[PDB]
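J.: Experimental coordinates for this protein are included below, preceded by the sequence.
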Amino acid sequence: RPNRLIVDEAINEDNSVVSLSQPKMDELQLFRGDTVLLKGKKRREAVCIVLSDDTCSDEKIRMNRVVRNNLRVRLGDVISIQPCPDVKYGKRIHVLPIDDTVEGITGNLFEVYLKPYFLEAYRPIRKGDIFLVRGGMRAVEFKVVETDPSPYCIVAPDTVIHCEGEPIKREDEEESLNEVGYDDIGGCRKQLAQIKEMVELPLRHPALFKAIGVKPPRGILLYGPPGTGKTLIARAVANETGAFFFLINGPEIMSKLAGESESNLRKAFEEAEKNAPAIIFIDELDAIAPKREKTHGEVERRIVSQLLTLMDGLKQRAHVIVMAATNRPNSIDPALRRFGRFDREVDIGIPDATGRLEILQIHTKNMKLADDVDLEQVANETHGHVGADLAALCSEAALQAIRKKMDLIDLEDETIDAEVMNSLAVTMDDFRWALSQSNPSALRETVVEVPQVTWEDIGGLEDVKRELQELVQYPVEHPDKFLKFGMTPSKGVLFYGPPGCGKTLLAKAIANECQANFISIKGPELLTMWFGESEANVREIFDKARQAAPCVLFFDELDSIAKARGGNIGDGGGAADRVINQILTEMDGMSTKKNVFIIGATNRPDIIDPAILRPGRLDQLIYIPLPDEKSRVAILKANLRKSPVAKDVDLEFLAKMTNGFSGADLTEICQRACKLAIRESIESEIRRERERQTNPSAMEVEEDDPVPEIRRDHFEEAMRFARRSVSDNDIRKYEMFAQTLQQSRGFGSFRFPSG
Amino acid sequence: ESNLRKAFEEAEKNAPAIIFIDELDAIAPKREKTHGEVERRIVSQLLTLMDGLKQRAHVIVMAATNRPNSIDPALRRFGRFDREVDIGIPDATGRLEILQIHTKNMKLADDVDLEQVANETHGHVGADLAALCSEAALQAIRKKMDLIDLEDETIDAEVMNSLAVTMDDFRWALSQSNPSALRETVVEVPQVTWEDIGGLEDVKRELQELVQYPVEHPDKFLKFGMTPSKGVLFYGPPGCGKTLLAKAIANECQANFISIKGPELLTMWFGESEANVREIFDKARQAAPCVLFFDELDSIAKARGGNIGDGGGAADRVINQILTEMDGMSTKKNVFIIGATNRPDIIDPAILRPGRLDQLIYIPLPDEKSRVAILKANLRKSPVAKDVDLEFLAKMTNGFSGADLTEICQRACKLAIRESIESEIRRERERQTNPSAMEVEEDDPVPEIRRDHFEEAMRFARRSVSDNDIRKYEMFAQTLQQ
Amino acid sequence: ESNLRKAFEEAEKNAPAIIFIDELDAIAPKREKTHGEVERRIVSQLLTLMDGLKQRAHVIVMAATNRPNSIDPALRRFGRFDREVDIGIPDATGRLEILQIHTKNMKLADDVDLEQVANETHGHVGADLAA
Ligand SMILES: Nc1ncnc2c1ncn2[C@@H]1O[C@H](COP(=O)(O)OP(=O)(O)O)[C@@H](O)[C@H]1O
């Protein structure tokens, strides 16, 4: 019977929309916008409009809460969908309001609610259905008790709707559709998917897990930077799946006068057991169960013990699930991680790039953005921001836009005109001004993201390209071959070469090509942990790297520590010992099954301690040569691609004269010409302005002042200031070390011995 | 304290019974850890109630704690808690038994071989294994999918009628496994046998003379007035497989093996020094007999020599503690200590004294037949095909350690993988170019680990060890010879 | 706690108000400084009452303090105190205006050189100039 569909949580909040997958439409020959009949329990029927959505699975039907209550069904059940091609345009529809929704209004229901809701909607409606219409503050639920024709009818412009009479009573099924959904969460795709996987099944089907004897999770710790909107995620999940979300705040359990505080907690838990499938949310967990050494009195210990005893008291009983939020996974008491208590941890990281866009596209819903607004550019230029910061930025941009045009909207008051204020299309200047006066919150925080650097940016270094290809791509793409052959992949690679070049660019390019997270570690923070705390920091860095597997960890300037060891200090060697030993010990404990690569780059190889260069640690050594011809041309093209044009010069000629030049020097050479262009353009503008003040309106017509192009003469002007960044002796030392290493692998070939 | 007194009084009234106290550290931590006065009152009440068990009834009190140092030493006097039992992390057999116990109600498929499944779970406990089983079942469920079905009020039977768990489920669960042991020492009888290593008849003879004899036949030792040697120090070129020798002799002696590495030794300089050494040697003693193994013993001096000259104090601290701890050993327990190093001339002379590490054994590089045997040990793999002779492979590889041979063996598999993957990609491309040209599933290229693969792999043969080291070691040996 | 609460609902029931909490560091100090137990309760009460400003509210809360390190970090999340303004020490010109307002009631002579005084008073605040 390939006609039924299993209901699932939907995204669209409209009362008459259902989301279907394309194979279902192809199988049932259902078009877009047609009326379909849905049947559930209690012999109830409803009419819906088919809408396209590729997110939903073929077997699952996305269908909202209002029709879910109309059909007297719950999520996870099965409904019957059939085509309804016999629908006819309605003649008259009689609707009545519920008694406990019109309390204290005293107004025209038709003009405020019915007319805007039924305008250009063509909603098919049926007798006995409940539909919810939003208003100023409340949401009014209306019931169709009479229709013509019955039971199926289509709202049409020539339809008489009556809304006069005594309101009907409550339907005892709450017939509601409200509050947040999945559309209000952005930039958390992976985390939201993970939360859905392990929370939906124990709640939607409270017996299938018991059939296989799978223990559902009994506690989930969502930890991340503050302000990311974890409470919103929990509320959306609870409201979508269907539960009794009971938020208990942190400080509210501490302001009470001692004893009764504990009682409150106890009450909450029992208050959450009668209602069946409930999701308790303990916000600000660190404020009531902090680190043990922070505690100084006795009440906090009693509260912690009470919480632990109750949490162990959730053994079986109902399907209640405990979700707690904190800041970092080391501030809470270390005793709240024993099996049975909080054991699953989810990292809600800082949104990056693409995700940020959706956040803005959520906030700029009602506001009418101008055509000149480029939200993609705003998302790209803004980094280190969280949802709260972006919301505040949008709010202050709107405030600036309305402040500029104050007198045009009758600055006094007088029932502010909606169209006039809506005409305030926010401009790009407003967004830039808001960006200038906006202090972010993330700032100093490690960022995990997928880089966008591609291989064509660098020349390619086809030998090194193939070597890194073999080292990285194959283990993750095809691990079946490795497990068949039993070979254990290499875990570390060490680069060496002249300073600058393309180390970081190569690492980011291979990380992008492998489609894996990237983490950048630099020398200054290495020396930061050198001067003091040297054990923990590396530990949580490695746990963070492991948690987001697969990833390509990068250690930049690993030799820097040694640079501190060899000098006139002779005091921090203990710190270097601490750092190196911690790094080596943590690499030794890294299981080979987890795909966490480690790439370290050192400018001076032979100073580093030969302890690292041993099996089980960074094994392969790769020499990165200076860019030559083709790589130089690629770097120059990438640099010039940013904005200006150079359609007057020969690039391979410049590459010919620039032998022995590193990539950074080429970037500086490209940058100098732009400064020359800026100076010439500004001086020309000043000359034009001065000759304009000498004779008013001297150039009435705006001619072609120097437009963007880097002319040839600018290229000689910039190139005259060129530096040989690296001296030849550095190349001599690098090649001498390379040949010293290579001479080990020297043997007089082979002759197929006795085969 | 009223509840505790009531519990003890009730247990007194109801015949010989067992009282279990869970999380004893939560109620009786160290005295100086305690801050207020309620904790001290509770601890003293517990002490008094414990001391009040004179006769009374046949009541036995059993308590569980995580670490043996968190307990207030007041709860260690005779009459109070005096017998200690350590429930260590289960070994491979224990993991297999736990997996057998948990995978009872689950209807598995006829494709499960839990041997390597337990083998690949180094560092897990019972709860982690149960979570892994649940995750595997959960993948079984989500791969089945609730594709428009009517599991209402009959869900359990309707799903249990036909379900199974396959290899891919357990593989995923192994990927999504976060072990809880990790940073924790391991004690278990090793598995490496004498066949794994190659030759070295004299070293094996000496090791079995100094290890196997005093444990299997201690009566003759006592009759003849024997004090067996307590320590042996291995020295030689690096990468010769000293740890293999130690593990093999431990396996032959059927004694537990405990390993301590270099980085941990250097880490113990800065911060906790007394506690770690004390607890590790106590743990070695309690699990007698055991062969305690120290790796990279010379690294201490390797940090002393440099432009810093500040870590020498902590190095002397650790070495002093270790020396004082060996001097306290007793012949009662068969505790054996083995040290390994590659730079013996920088070892402090205080170590090489009677009672401490005295016997020195030089480990020569594998030669001729030993190279054949180590390759044969490496010759297992899964995909060895039929291969070729190896005597001249040993003949050509004079002066090559085990690490170089392992690298040479590993490089050939890399070339084979590259060949197989490039062939597969070319085949996939030609499938796109010509549809339906490979309707029949033609067999993929076999594991052709062929002569040419080895020939190209061992073209990059590295002389990892130099030549002057051998004369240095033989000069040191001649210095020993008198 | 009763006084602070009563002040909050008293400000709630009257008009758009501006509650000014003076010397905030005296009641919400650094975590390590909170040796007692009453301070934690007062801080929690303040946080809860601050968060109890649900949407419909005309109350704006302003606070005064020294360098923004003595204030406990939990008071600087989103929803609580978020906007910060630095009232720096006035410069020579600012000192000139401070002298100007402070001397409007005063009857000065014809030898007064307010510009020189403003120039020479580097390192002073309004109270010092008033004194
Ligand atoms: N789609 C979204 N993704 C992430 N954050 C959001 C989104 N929409 C709103 N937010 C932010 O969530 C905040 C509210 O969540 P909050 O109660 O602060 O949770 P928490 O206290 O866990 O940070 C708002 O300030 C808003 O800026």
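T.: Cool, the structure landed. Numbers count the residues shown, from 1 in each chain, chains lettered A, B, ... in the order given.

J.: Spit out the contact partners of whichever residue of chain A sits closest to chain B.
T.: Per CB to the nearest CB, residue A:573 is where chain A lies closest to chain B, at 2.8 Å. C-beta: built from backbone N, CA, C; applies to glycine. By CB atoms under 8 Å, 6 or more residues apart in numbering or on different chains, the residues touching residue A:573 are A:565, B:303, B:306-311.

J.: State whether residue A:553 is indeed within a helix.
T.: No. With DSSP: H, G, I helix; E, B strand; the rest coil as the criterion, residue A:553 is assigned strand and is not in a helix.

J.: and it, how many neighbours does it have?
T.: 22 (other CB atoms under 10 Å in any protein chain shown).

J.: Correct me if wrong: it contacts residue A:596.
T.: Yes. With contact defined as CB atoms under 8 Å, residue A:553 reaches residue A:596; the gap is 6.5 Å.

J.: list residues touching both of these two?
T.: In contact with both residue A:553 and residue A:596: residue A:545, using CB under 8 Å, 6+ apart.

J.: May I see the buried residues of the strand ranked longest in chain A?
T.: Assignment by DSSP state E gives strand A:139-148 as the longest strand of chain A. For strand A:139-148, the neighbour count (16 or more other CB atoms under 10 Å in any protein chain shown) marks A:140-144, A:147 as buried.

J.: related to what we said a few turns ago, chain neighbours aside, what residue packs nearest to the residue of chain A closest to chain B?
T.: residue B:308 (2.8 Å; CB to CB, 6 or more residues apart in numbering or on different chains).

J.: partners of the longest strand of chain A, with directions?
T.: strand A:92-97 (antiparallel), strand A:130-134 (antiparallel) (DSSP bridges).

J.: could I get these as CSV with mean neighbour count?
T.: Shown next, in CSV, are the strands paired with strand A:139-148 (neighbours: other CB atoms under 10 Å in any protein chain shown):
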stretch, mean neighbour count
strand A:92-97, 19
strand A:130-134, 19
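
J.: Export those strands as a markdown table, with columns for distance to the ligand.
T.: Putting the strands paired with strand A:139-148 into a markdown table (distance: least, CB to the nearest ligand atom, whole Å) gives the following:
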| stretch | distance to the ligand |
| --- | --- |
| strand A:92-97 | 32 |
| strand A:130-134 | 19 |
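
J.: All the strands of the stretch 251-400 of chain A, in order from the start?
T.: Counting by DSSP state E, counting those that start in this stretch, the stretch 251-400 of chain A has strands at residues A:279-282, A:321-326, A:344-347.

J.: would you list the ones you listed in TSV and tack on mean neighbour count?
T.: Shown next, in TSV, are those (neighbours: other CB under 10 Å):
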stretch	mean neighbour count
strand A:279-282	23
strand A:321-326	24
strand A:344-347	18
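
J.: Quick one: closest of those strands to the ligand.
T.: Across those, the ligand has its closest neighbour in strand A:321-326 (5.3 Å, CB to the nearest ligand atom).

J.: by contact count, what packs against the closest one?
T.: helix A:189-204, strand A:220-223, helix A:230-241, strand A:279-282 (3 or more CB pairs under 8 Å, 6 or more residues apart in numbering or on different chains; DSSP states H and E).

J.: Please work out which of these is packed deepest.
T.: strand A:279-282 (a mean of 23; mean count of other CB atoms under 10 Å in any protein chain shown).

J.: In its sheet, which strands sit next to it, and in what direction?
T.: Sheet pairing of strand A:279-282 (DSSP bridges) gives strand A:246-248 (parallel), strand A:321-326 (parallel).

J.: Need the CA coordinates for that strand. PDB is fine.
T.: C-alpha atoms of strand A:279-282 as PDB (Å, rounded to 0.1, in the frame of the first residue of the first chain):
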ATOM      1  CA  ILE A 279      12.500  17.700  28.100                       C
ATOM      2  CA  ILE A 280      13.900  19.500  31.200                       C
ATOM      3  CA  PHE A 281      16.400  22.300  30.400                       C
ATOM      4  CA  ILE A 282      18.900  23.300  33.100                       C
END
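
J.: And the helix ranked longest in chain A, what's buried?
T.: Longest helix of chain A, by residue count under DSSP state H: helix A:663-694. For helix A:663-694, a neighbour-count test (16+ other CB under 10 Å) marks A:663-666, A:668-670, A:672-674, A:676-677 as buried.

J.: Please state the offset of that helix from the chain centre?
T.: Per CA atoms, centre = their mean, to the nearest Å, the displacement of helix A:663-694 from the mean C-alpha position of its chain is 40 Å.
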